[PDB]
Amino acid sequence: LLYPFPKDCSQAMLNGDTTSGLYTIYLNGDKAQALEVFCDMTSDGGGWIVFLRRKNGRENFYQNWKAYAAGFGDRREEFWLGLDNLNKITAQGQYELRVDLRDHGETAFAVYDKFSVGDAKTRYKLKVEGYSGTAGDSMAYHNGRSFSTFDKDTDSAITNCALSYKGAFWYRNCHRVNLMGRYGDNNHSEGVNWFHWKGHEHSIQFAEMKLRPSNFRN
């Protein structure tokens, strides 16, 4: 193989793997640091590590700090990859973020040219910059925020955002994105929300967040 220990789904694709599904990647190409991830090899040029999937409400996203740090779920179905994994992957180079949204036969997407997640000491501080696409720039509001769960609030929050809005996120006061919100919940701000596409009173049926090196575009 071109990359015997591929460090992301873009190296897996460059190895000649063109089918979406589960692949073993190796953090910093280290054989001792295997991670089985879902690769989206068909959307927008492929080579994407999927790190969030919402599609049917079968999985619980109203989970504590430890669950969000570690990851949870079947990576073939609804899941969250884990903030420690996102920190280690985004530290490997310069990654872009893609968000794919589908609802009742309508589709939209967002791309952010720069996406990184800080380590646990930073409470997994979000960097998200350079919007393009059709879903609307709802992540800009969240740029610079630490992560919060119902059991770990911030010293800057007016309300417990995770408790109030039935999820976990890089909340401010509180969100324009709530993709780890409560499935099918059209109550204001409580659902699978992307404000600049469907507002706060519309829970989206299908959402994926995914990342790959930004240089893959060229």
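Sequential numbering from 1, following the sequence displayed.
Quiz item: Comparing 194-202 with 6-14, which has the greater mean CA B-factor as deposited?
Solution: Looking at the record's C-alpha B-factors, the answer is 6-14.
Check: So which stretch wins on mean C-alpha B-factor, 170-178 or 26-34?
Finding: According to the PDB entry, the answer is 26-34.
Highest CA temperature factor in the entry: which of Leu52, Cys39, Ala69, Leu163? Of the options given, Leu163 has the highest CA B-factor in the PDB entry.
### Query
Among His104, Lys125, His142, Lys114, where is the Cα temperature factor highest, going by the PDB entry?
So the option with the highest C-alpha B-factor is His104.
inquiry  = Looking at the temperature factor on the CA atom of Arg76, which third of the chain's modelled residues does it land in?
reply    = Middle third.
### Query
With respect to C-alpha B-factor, does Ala108 fall in the lowest, middle or highest third of the chain as deposited?
Its C-alpha B-factor, which the entry lists for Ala108, ranks in the lowest third among residues of this chain.
**Asked** According to the PDB entry, is the CA B factor of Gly118 in the bottom, middle or top third of its chain, that is, lowest, middle or highest?
**Response** Middle third by C-alpha B-factor.
- Task: Within this chain's modelled residues, let me know which third the CA B factor of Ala91 belongs to: lowest, middle or highest.
- Result: It belongs to the highest third of the chain when residues are ordered by C-alpha B-factor.
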